[PDB]
Structures are given as C-alpha cells and as structure tokens.
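Trainee: Take this structure, written in structure tokens, and hold onto it; I'll ask about it next.
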Amino acid sequence: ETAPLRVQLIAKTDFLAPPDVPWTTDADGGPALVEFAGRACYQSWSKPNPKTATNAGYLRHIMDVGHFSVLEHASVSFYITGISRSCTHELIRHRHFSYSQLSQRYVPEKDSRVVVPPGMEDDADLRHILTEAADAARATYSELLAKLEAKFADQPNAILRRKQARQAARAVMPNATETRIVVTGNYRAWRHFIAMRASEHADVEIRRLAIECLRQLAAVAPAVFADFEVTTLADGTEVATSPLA
Amino acid sequence: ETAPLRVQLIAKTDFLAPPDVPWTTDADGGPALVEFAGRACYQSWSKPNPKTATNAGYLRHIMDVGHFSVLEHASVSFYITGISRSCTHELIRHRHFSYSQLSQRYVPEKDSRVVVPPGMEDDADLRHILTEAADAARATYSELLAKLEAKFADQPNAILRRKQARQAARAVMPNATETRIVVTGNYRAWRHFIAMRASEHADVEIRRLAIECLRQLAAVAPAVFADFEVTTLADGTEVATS
Amino acid sequence: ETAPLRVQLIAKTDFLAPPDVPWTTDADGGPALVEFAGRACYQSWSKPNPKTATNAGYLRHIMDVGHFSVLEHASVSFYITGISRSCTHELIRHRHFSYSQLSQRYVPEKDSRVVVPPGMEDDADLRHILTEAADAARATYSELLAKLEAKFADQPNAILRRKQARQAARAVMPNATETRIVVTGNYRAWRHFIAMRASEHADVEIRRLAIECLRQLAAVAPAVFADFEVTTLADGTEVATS
Amino acid sequence: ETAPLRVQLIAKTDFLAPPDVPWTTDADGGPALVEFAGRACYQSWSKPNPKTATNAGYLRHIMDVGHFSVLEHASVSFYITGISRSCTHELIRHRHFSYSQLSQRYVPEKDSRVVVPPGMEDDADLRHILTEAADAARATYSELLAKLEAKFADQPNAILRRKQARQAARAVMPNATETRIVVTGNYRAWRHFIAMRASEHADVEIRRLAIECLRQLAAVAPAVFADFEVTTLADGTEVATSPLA
Ligand SMILES: Cc1cc2nc3c(=O)[nH]c(=O)nc-3n(C[C@H](O)[C@H](O)[C@H](O)COP(=O)(O)OP(=O)(O)OC[C@H]3O[C@@H](n4cnc5c(N)ncnc54)[C@H](O)[C@@H]3O)c2cc1C
Ligand SMILES: Cc1cc2nc3c(=O)[nH]c(=O)nc-3n(C[C@H](O)[C@H](O)[C@H](O)COP(=O)(O)OP(=O)(O)OC[C@H]3O[C@@H](n4cnc5c(N)ncnc54)[C@H](O)[C@@H]3O)c2cc1C
Ligand SMILES: Cc1cc2nc3c(=O)[nH]c(=O)nc-3n(C[C@H](O)[C@H](O)[C@H](O)COP(=O)(O)OP(=O)(O)OC[C@H]3O[C@@H](n4cnc5c(N)ncnc54)[C@H](O)[C@@H]3O)c2cc1C
Ligand SMILES: Cc1cc2nc3c(=O)[nH]c(=O)nc-3n(C[C@H](O)[C@H](O)[C@H](O)COP(=O)(O)OP(=O)(O)OC[C@H]3O[C@@H](n4cnc5c(N)ncnc54)[C@H](O)[C@@H]3O)c2cc1C
Ligand SMILES: O=c1[nH]c(=O)n([C@H]2C[C@H](O)[C@@H](COP(=O)(O)O)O2)cc1Br
Ligand SMILES: O=c1[nH]c(=O)n([C@H]2C[C@H](O)[C@@H](COP(=O)(O)O)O2)cc1Br
Ligand SMILES: O=c1[nH]c(=O)n([C@H]2C[C@H](O)[C@@H](COP(=O)(O)O)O2)cc1Br
Ligand SMILES: O=c1[nH]c(=O)n([C@H]2C[C@H](O)[C@@H](COP(=O)(O)O)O2)cc1Br
C-alpha cells in the first residue's frame, strides 16, 4: 500500500493592528504583521514613497535591504502525510522549526503504508520490488511484536509494556515507511528550508516537499515568497531559486 | 514626559482543521492546534471518552505528562511600549522569542520619553530627580548631535550623515529612555519567560511586564496558562508560580 | 553483522584565564571557564567565601541558585558508532546540539551493520529473526541499486548517477541499520539531554546512549554532572535522575 | 574614566582523534575537529586527493562547497571589556552565542567607566561633553541610590535592599557606560556575526568589535576565516567582506 505526498496548511497568523497607531495597510494576517514590525523599528507609519506604499511594496523592500529578522513574527503550520522516514530524518535537521511526528514507539505498524522514492515512481518493477520488501518487513514486525509482547508481560503499565514491544519490533521497518508530521515555522525559517531543499543538491523526495510548501506559502503570503522562482529540470523535477538566498 | 507600560496583543494563531482528518474539538486557534499536533503523534483522532473529549482536558494532560514541545506550534505577538532600555536589555536575552525594536540609530530621540522604575513610582521627589536628569541628557544629546553633524560634513549622504551623528549622540541617553518592541513567541517560550521573569528574583520592571503578558496570554489560552497563580508580595508587586 | 554502541569523547573546552584578571582556581578546561563566566557577572574575582573558593564548590552553587546559562560556555563532542537510524531520528530532535552524520545518500551501504534493540539482546531467537530480515533487505537493496543505475544510465555525471540510485535504493534499509554521528553540545544542552533520555519514559537504546554520555561527562566535569544519580531498574536497564 | 576596547581569547576547542579510526591530520584543535566531522559524513578516512589530503585543503574545500554546518563543532570564547551598554544591546541580538555579562542590578557603579563612541574619539571637545554628562549621571545615581536605600529601609534583608535600590538607581546610567561580557560561539556563529557586524551598515562601535574578533579568529583558524578580506574605509574604520557566508 503506497502513500502519496499530501501537504495541508493547518495554521497561519491572525493580525490585529493596535488601534492607536496611525497606520493602515493593504493586507491581512502575517504579511501585515511583518510590515507593522518593520515600521515599529523606525516608528515610520506615514507613506511617502508610492512604491513602498502597498504591503507588497514594503515587504519587497524589506527583503531587498536584508532586514530578514522581521519575517520571524509570522508563522505557518502544515500537516504532512505521504512522507518517508528517510525524508523526515533529513527534514528535522532544520532546527528553527517545531515538529510533532507519528511515533513508531506507540503506533501500530500492521496497516502501515510506504512511500515510493520519486526516482522509482514510473517503474512498476522497482515499485514492486519495494512493496514486496515492505510486506516482508511488516510480517517480520508482527512476528517480533507477538513474541516481545509476551516477553514484557511482567510489566503492569499498559502504555509502557506496549512501548517496549513496539520500540524493539520497529527495528525491521524500512526507510520508506510512511510517517506523518506537523511542521511549524516562521517565514524566515520557511525561506531557509526552501532555499536549502528546493535545489538540485537535495534528495528528490525532500525537494518535492519543499516545492509544495513554497507553492502553499506563496498562496497565503505572496509578497514574502515572490522572490523564489520555480524552474523545471531536465528530469522534470522542480527546483526553486532566489537572488536573496 | 513619562511613558506607562502598555502591552497590546497584535497577533495569534489562526487554525483550520484538515477536512479529511476524522477529528474535532471544542476550541479554535492555538489551543486547537496544540491538541491536533499532540494527537498527530498517536493518530489518536477518535474521541470515544466523552469525559476527556474537551480541548482544556487534553491540554492539561499534555502538561501533566510533560510533552511541552507540542506547545511550540501556537504563537502570540505583543507590541510593548513604555518599557525602558535596561528592561529590553534583559528581555532580549530570551533567545526563543523574535524581536523588532525601536532603533536609536534610526529614530531621532529629541522628544523621547522616560520610563519610571516601579521602585520609585510613588515618590514624587525621586521621580523629579529622574525627569530632571532625563531632560539634561536630552539637552546634551541635542548639543552632541549638532556638533557631530558638522564634524561629519565630509559625508555627502544626508541620511547617512544623520545616522553617524545620531548613533554617537545616543551615548548620553539613559537606561530609563523609553523604547518600543514587537515580541513574538510560541506558548512554550512564553511559559518559560513567565517562570523566569514573574519571580521575586527578577527586576520589578520586567516582572511587571511578565505578569501583564501572562494575564493576556491566560485569556487567550486558559488551559495553557491556568497553572500560573498570581500572588501579591509584601511590597505590593505581583509574582507568579506554577 | 551487528554493531555495539561506542561513545568516544573527541573534543572539549580548553581554557586560558586572561592575564590581567586577579583570579585563579583549582581547575582546568570547561569547569574553569564556567566559574570565570559566572564570576564575570559579579566581577567577584577575590574569593571571600571559603565554600565557593573551590571550583567544585562554585559550580555546585551555580546549579543550586539556578544559574544554568553559565554552563553554556563549555562544550564537549563525542563520536558515536553502533547507534541505529531510529535512535538518531530521536537524538536529532534535540535542537541545541550540532551534528555531523554518516550519509546514506553519499556512502555505499555495502556490508552495513545492524544494531540490536537492547530489548532483544538476550534473546537469540529474536536476534536471528532480526539479522536475516536485515540480510533480506540488503539483498533487495543491491537488486534495486543495479536496476536504478541502469535506469539513470542516461545521466552524464557518473557521481550524480550513483547518488540518484543510492538515495532511492536506501528506501529498503531498516531502522536497525547502523549509523555514525559526531554530536557537540554545551554542558547545559548535555544536562537536558540526560534528563530527558536517561529516564524510564525513553526508548532503551537512546537511554543507554544517555547513560554512557553521562558517565563520560561526569568524568570530565564531576561538579556539573554529579547531581545525576544512576539506578538500575527491574529489567536491569539504568536510568539517571536528578 | 574612559575604557578602551579589549578583547581576550579565553577558550577554544581541544581535539583528540579517536584511536580506532584510521585517520590522522596535520592540524590540531578546532580545525582538526571540523575535518573529522566532515569526514565522518562520508567515512572518507583515507586520503586519495592531494588537494584535500591536508587540513587546509580539506577546509578550503568545505568552504567552497558551502557545508557550513560542520563548522559548528568548534568553539571560541572571548572576554570583552571596554564595550558600551548600547553595543551589548546590539551584540546580544545574535541568538547563537552564549553570554555572561556584568550585571548593573548586582555590581556597584559609582565609579564605572565610560566608552567613547569611535566617531567622537579624536575630538577633545566632544569627549569632554561626554565625560561631563557621565559625571553628572553618576552623581545623580549616587543621590538616587542613598534615597532609595532609605526608602527601602523596611526590607530587613540588606542584600535585597541594596539590589532593589541599585536596579532602580541605574535608570540614570547612560548608554556609554562600560560593560564586560564573556561571549561564546562556534565557528559558524562567529562567521555570521563578522559578516553582519564588520560592515558599512553596522554601528562603528560594534564594527570595531567584529574586526578585532575576526583578527583573533583568523590567527587561530586561518583556513576557516581566510575569505574575509579587511578593507579600510575613508573615515579610517575597517570593514570585512567575503564571497561566502
Ligand atoms: C544537500 C545537503 C547535503 C547534506 N549532507 C549532510 C551530511 O552529509 N551529513 C550531515 O550530517 N548533514 C548533512 N546535511 C544537513 C545539513 O548539514 C544541515 O544540518 C541541515 O540541512 C539543516 O540546515 P542548517 O545547517 O542551515 O541548520 P538549521 O537548523 O536549518 O538552522 C538555520 C540557520 O540557523 C543558524 N543556526 C542554527 N543552529 C545553529 C547553531 N547551533 N550554531 C550556529 N548557527 C546555527 C544557521 O545560520 C543556519 O543556517 C545536508 C544538507 C543538505 C541540504
Ligand atoms: C519519551 C519522549 C517521548 C516523545 N514523544 C514524541 C512524539 O510522540 N512525537 C514527537 O514528534 N516527538 C516526541 N518526542 C520528542 C520531544 O517532543 C522533543 O522534540 C525532543 O525530545 C527534543 O527535546 P526538547 O523538546 O526538550 O527540546 P530541545 O530541542 O532539546 O531544546 C532544549 C530546550 O530548548 C528550548 N527550545 C528549543 N526550541 C524551542 C522552540 N522553538 N520554542 C521554545 N523553546 C525551545 C526548550 O526549553 C527546550 O526544552 C518525545 C521525546 C521523549 C523524550
Ligand atoms: C545594520 C543592522 C540594522 C539593524 N536594525 C534593527 C532594527 O532597526 N530593529 C531591530 O529590532 N533589530 C535590528 N537589527 C538586528 C537584526 O534584526 C538581528 O536581530 C541581529 O543582527 C541578529 O542577527 P540574525 O537575525 O541573523 O539572527 P542570529 O540570532 O544572529 O541567528 C543566526 C541565524 O540563525 C537563524 N535564526 C535564528 N533565530 C531564528 C528564528 N527564531 N527563526 C528563524 N531563523 C532563525 C537565521 O538564519 C539567522 O541568520 C539590525 C542589525 C543590523 C546588523
Ligand atoms: C534573576 C535572573 C538573573 C540573571 N542574572 C544574569 C547575570 O548576572 N548575568 C547575565 O549575563 N545574565 C543574567 N541573567 C540572564 C539569564 O542567564 C538568561 O540568559 C536569560 O534569563 C535567558 O533565559 P534562558 O537562559 O532560560 O534562555 P532562553 O534564551 O530564554 O532559552 C530558553 C531555553 O532554551 C534553551 N537554550 C537556549 N539557548 C541554548 C543554548 N545555546 N544551549 C543550551 N540550551 C539553550 C535553554 O533550555 C533555555 O532554558 C539573569 C536572568 C534572571 C532571570
Ligand atoms: O541531503 C541531506 N540532507 C540531510 O538532512 N542529511 C542529514 C540527515 C541525516 O541526519 C544525515 C544522513 O542523511 P541521509 O542518509 O539522508 O544522507 O545527514 C544528509 C544529506 Br546528504
Ligand atoms: O535579572 C537579570 N536579567 C537579565 O536579563 N540579566 C542580563 C541582561 C544583560 O545582558 C546582563 C546585565 O543585566 P542587568 O544590568 O540588568 O543586571 O545580564 C541580568 C540580570 Br541580574
Ligand atoms: O521517545 C521518543 N523520542 C523521540 O525523539 N520521538 C520523536 C522522534 C521522531 O521525530 C518522532 C517519532 O519517533 P519514534 O518513531 O522513535 O517514536 O518523534 C518520539 C518518541 Br515516542
Ligand atoms: O544596527 C543595529 N543593530 C542592532 O542590533 N539593532 C537592534 C538592537 C536593539 O535591540 C534595537 C535598537 O538598537 P539601536 O538602538 O542600537 O539602533 O535593534 C538595531 C540596529 Br539599527
């Protein structure tokens, strides 16, 4: 059973301007918050320059002059499924994010799906070799678990003795095992992730993930991510580049 | 002129549950996001127990059990004014917040306000010594500025000439000079900030700040901040403990 | 082929007291640096108190009064082998360390070792089920790799060709696969790691790593890591608590 | 009275190669640790490439391909004196350092020194204005301190009484007041600080600090800091620029 990548946006920033500040803007939520924060450094609430007189204009300028720390005020959360364990192992190396991830120490592996590496996707023979190997691993897991459950029956706590058995049984589960994860980060963190992972140096799985995150981030905060350009490589995979990263 | 502490909540989490996840809860925003993230770890979406089906009950349990990392998903931002420079010098030592602060390099301080230390708030004579000293500093600052702008006549760029002068002139501005700051943190970082700063060991200025943030945070997310109990000290200042 | 846990201490803080500061202590390296930094807050260079007039006494005082940020100045690095991929996936959730880890994308995984879960180390039957499962996975790996290199045959860069094949082939490699990692952290990060992972709540594999790290750290900085008491549980695994 | 900038290197990395790894290098300390960490990723313990078979060649390569995360393993600590309170307020915005700083709540300041802004150092008239204002501020501080100690007489704990008094009295102390601070960071953090602070956009005081840190860092680890070129500006201050990050 194979699992496709799904990225669901589950949280963003709600903004409410302070009533006493003599400033309004062209925008809502995160992008308005970022402008407000930038202007707070200068206490410059008026709008002399027509170019930076819209929210998008202001943000593009903030970006251009390298005031990136202002972007940290707004955050976005995704719920991600159809991502492999090897992919999450790379993702969580990014330390300016917060994560909550499906636990193999706790969750049943009996119905677990696998994620096909993008370089194999179009090849039914390779996919077959993968899913068969995954079926073999799952049978092994159930084998180990049954025996381990009996070994750790001594222990009164239901939650402990279930962890002890599954945590050892998990040893046979492959890299391609599906996982699920809530990832939260601010705009500055999201931008770094995209610059690092939406590139030809990156594994094609996390690259695909980064591109999908960028597309969804651009939908909620266009002005913040507009400097990123998506291009398609010879193999048809997608990369994103920005002059500011 | 003096400036009182003002704390204004300007941003918080907006949550939309994923349509295809078979789960609901009796909350929205940050508290609902926290519960979703917690349950994602176990895929424990079904809620058969109607006596543990509440968001508040789940959030309390998350913290009884000590899974504090789940709290990081939700954030709140404040715009804080009427805070002194010595106070922000303490505040910014907290490395899990994001900040945007009023710049003395960029902002003229000829009209700047003073923040009165809570310890001298009820002594008019002491406040007078402070405001007189502030006025003298501001005069010195204006004297230095004019003399620096001339010393920097060599600079053809008028914006840069004014920044070079201002950043040097700022040297005489006192600790009690008002500043203004946007502070953003997730629930975990706010909790830690409150624990450290709303305590008898902390300076009264930042303690006042922490108690006020707490009061607003507790209204926004009761279950997350309910464990903190405010206590009034012998001297009338407030502390908070969990 | 199985791999035992090995933790090797490969780096630590070298301290040189600045000459024109009227202060000395009965210690070296990391512990000495921590006292220097704590004393710099107070400029308390002379030692009026005979109790904290020793380095060990000064550090125990720092801890009791809760001044844990001073511990961040000193650091230690380990090279860890005989750790599984599922163990590293847990370890790297600690965001206040720095890591350099063996790459499956970059390193040919021919003759990879497997780490046996401590829970089945005494069970020869369970070990065998594991090791032949691992053997089957490596066989599948070689089969995919060969087909993948054939598939990407067009790709002109041969290095990039092997990498594209290897990153996809790695898909069948089990959690138990051995990995190797350099981990660097300051004393405060190390203490937090030990507290969270040398506990009954934690997986037994990371718990074992945390205990061994603790033993080596306590040998390097006794005063910093002394409060941790190691006790053997019912099943004969160790936990450490302070 | 006035305090000159002083930067003292007080800690760095001690390295010992694990005996059972088949690798040696010609370097010691931080730079050797960085090579070890980089080789661990590839388990490339042998040395086939005369271009990367030395520590300097290896680090040259690490720097060119930009895997700066391996630089995080080595650290350096300085004790910095003759820095102003406005300079530390900028410095501590860098969140990947660790700090221990002289406390005004805790340490008496009746006799504290003043730091002259670089843009003012050459001018006797401006220096006099500054020192005169500092003398006035210290007199006010003393005046406030005594009255506050008297106002807080109903605190039986004299230590607390002096602190309660001092923390309020410090209200009048100017930005130019000298402070002292231990700063610890890894190589990657120091590179970022230098890049951000030893620049034309930065305040002259912190730029002077960054340059001195850079000078000491590049003497200790020349391969790590070689890309930073020191340039004298027209006003006689120095900046540092690099093609890298
Ligand atoms: C193609 C590629 C190949 C890779 N190969 C390997 C490999 O072989 N082995 C391996 O172990 N990893 C490898 N990685 C992981 C990589 O080295 C980083 O650890 C990971 O990508 C996180 O990115 P980041 O380093 O920018 O840190 P993040 O955690 O994403 O932090 C963001 C930024 O914050 C700063 N920062 C965060 N923490 C610190 C700190 N403690 N000190 C100083 N500054 C800090 C840095 O500026 C950093 O850029 C690879 C990554 C890529 C994309
Ligand atoms: C027994 C146990 C069970 C676990 N179960 C799960 C699970 O089911 N699912 C899952 O995804 N993870 C799980 N984890 C991982 C856990 O939630 C943490 O992510 C991990 O242990 C890292 O430790 P830490 O949260 O204390 O933070 P670290 O990353 O080690 O940071 C140390 C300290 O820095 C501070 N800090 C760091 N980053 C932030 C931040 N951005 N905001 C505010 N403060 C910050 C906090 O004070 C923190 O305590 C589990 C861990 C344990 C030990
Ligand atoms: C010339 C100049 C002008 C400035 N003007 C102002 C101003 O007017 N107002 C003001 O408030 N500040 C101002 N600053 C401060 C500036 O915004 C930064 O806060 C400070 O320089 C720290 O640098 P850093 O942002 O790169 O963060 P560092 O703390 O130095 O972090 C290093 C890297 O880690 C990563 N990182 C750290 N924390 C996070 C996070 N929480 N989320 C995502 N990534 C993270 C980023 O990649 C960052 O580059 C100014 C600084 C300079 C040099
Ligand atoms: C009453 C009191 C007195 C103080 N006195 C002094 C003083 O005299 N001199 C002085 O310099 N400072 C002093 N401070 C500042 C204090 O040391 C901290 O720097 C500040 O309170 C920030 O809090 P924090 O250390 O918990 O770190 P935060 O930056 O708030 O981080 C939150 C958590 O993240 C983790 N974390 C963040 N960064 C790291 C890191 N690099 N390594 C490991 N873990 C990390 C820690 O778990 C920490 O608890 C004082 C603070 C208080 C409240
Ligand atoms: O592109 C990469 N991304 C990444 O995050 N790593 C980190 C993740 C993991 O902690 C370790 C080994 O990763 P791979 O097995 O995916 O190569 O290095 C390595 C490479 Br190459
Ligand atoms: O209660 C405190 N809070 C705090 O943040 N510091 C930090 C802030 C600054 O970096 C340095 C000196 O602070 P004070 O001048 O406010 O003591 O230590 C110190 C004390 Br005591
Ligand atoms: O004890 C734990 N330690 C841990 O680090 N995690 C993190 C690591 C990974 O990101 C995710 C899933 O971990 P397990 O598969 O090991 O449960 O949660 C979870 C548990 Br439970
Ligand atoms: O060059 C700068 N460096 C800096 O760190 N800040 C931060 C420091 C402080 O938190 C706030 C105001 O700093 P200045 O008063 O030094 O501008 O912004 C601002 C500027 Br401009």
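Neighbour counts run over all protein chains shown; Cβ positions are idealised from the backbone, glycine included. Derivation of every value follows stated rules applied to the coordinates shown; laboratory data play no part.
Trainee: Working only with C-alpha atoms, what are the Rg and Dmax values of the stretch C:13-74, expressed in angstrom?
Mentor: Over the stretch C:13-74's Cα set, Rg and Dmax evaluate to 10.6, 30 Å.
Trainee: Another one. Output the 0 to 90 degree angle, nearest 10, between the alpha-carbon long axis of helix A:187-197 and the longest principal axis computed from the alpha carbons of chain A.
Mentor: The helix A:187-197 is inclined about 60 degrees to chain A.
Trainee: Would you mind checking the tilt of helix B:124-151 against the longest principal axis of the Cα atoms of chain B, expressed as 0 to 90 degrees and rounded to 10?
Mentor: 70 degrees
Trainee: Restricting things to alpha carbons, tell me how big the stretch A:13-74 is in terms of Rg and Dmax, in Å.
Mentor: Rg and Dmax of the stretch A:13-74, Cα atoms, are 10.6, 29 Å.
Trainee: While we're here: Whole angstrom only: what separates the Cα centroid of the stretch C:83-109 from the Cα centroid of the stretch B:65-139?
Mentor: One Cα centre to the other: 42 Å.
Trainee: Can I ask one more? Which is farthest toward the positive dipole end of the stretch B:1-158 among B:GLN43, B:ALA137, B:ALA153, measuring Cα position about the Cα centre, with Cβ charges +1 (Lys, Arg) and -1 (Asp, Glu)?
Mentor: B:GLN43
Trainee: Could you please state, rounded to a whole Å, how far the C-alpha centre of the stretch A:35-111 is from the C-alpha centre of the stretch A:216-237?
Mentor: 14 Å
Trainee: So, one more: I need B:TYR42, A:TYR141, D:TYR106 ordered by Cβ neighbour count within 10 Å, fewest first.
Mentor: B:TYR42, D:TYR106, A:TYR141
Trainee: Additional query: What does the C-alpha gyration tensor say about the overall shape of the stretch D:45-168? Classify as rounded when a/c is under 1.5, otherwise prolate if a/b is larger than b/c, or oblate.
Mentor: oblate
Trainee: I need D:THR2, C:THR24 ordered by Cβ neighbour count within 10 Å, fewest first.
Mentor: In increasing order of surrounding Cβ atoms, one gets C:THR24, D:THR2.
Trainee: Now, a different point. List, in the order given, every pair from A:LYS51/B:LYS110; A:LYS51/B:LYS163; B:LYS12/B:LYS51 whose Cα-Cα distance in the structure shown is over 26 Å.
Mentor: The pairs that break the limit, which is 26 Å between Cα atoms, are A:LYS51/B:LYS110; B:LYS12/B:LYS51.
Trainee: With everything on Cα atoms, drop me the angle between helix C:187-197 and the longest principal axis of chain C, reported from 0 to 90° to the nearest 10.
Mentor: 50 degrees
Trainee: Just tell me how shielded C:122-130 is by partners: mean number of partner chain Cβ atoms within 10 Å of each residue's Cβ, no decimals.
Mentor: That average works out to 3.
Trainee: Fewest first, what order do D:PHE152, B:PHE78 take by the number of other Cβ atoms within 10 Å?
Mentor: Starting with the residue having the fewest Cβ neighbours, the order is D:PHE152, B:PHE78.
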